[PDB]
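Residue numbers (the authors' numbering): 224 to 318.
This is the structure we're talking about:
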């Protein structure tokens, strides 16, 4: 539906970087469904961000934690959820 799509956003990357780099890094993190790079028109220079969709929401979360602050080219990159919405299974029972 609306709140479920397992998508992750990546920003603050090096123009040099490519889809092969994102897939290779997000590969061992979770089954990648598809990868799409976002760029400009007036400049046509990869600002340094892209969109990636996983198969399982759990896998996306893990990759986000490992990626979040993962220096790729000397500096830490930016990783966040596409839906920017929290989620989880409630149940304070036995707590």
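Ideal Cβ placement from N, Cα and C applies to all residues, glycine included.
Asked	Found
Can you list, in chain order, the residues of its chain whose CB lies under 7 Å from that of residue 293, leaving out five sequence neighbours each side?	299, 300
Give me the Cα-Cα distance between residue 270 and residue 235, rounded to the nearest whole angstrom.	8 Å
With a threshold of 6 Å on Cβ separation, who are the neighbours of residue 262 within its own chain once the five nearest residues in sequence on each side are excluded?	269
Please look up how many angstroms separate the CB atoms of residue 291 and residue 276, rounded, as I've assumed it's under 8 Å.	That pair is no contact at about 18 Å.
Just to confirm, are residue 253 and residue 305 a CB contact at a threshold of 7 Å?	no
Let me check understanding here. Comparing Cα to Cα, which of 286, 314, 224, 315 lies closest to residue 303?	286
Relative to the C-alpha of residue 295, which residue among 247, 255, 282 is closest?	247
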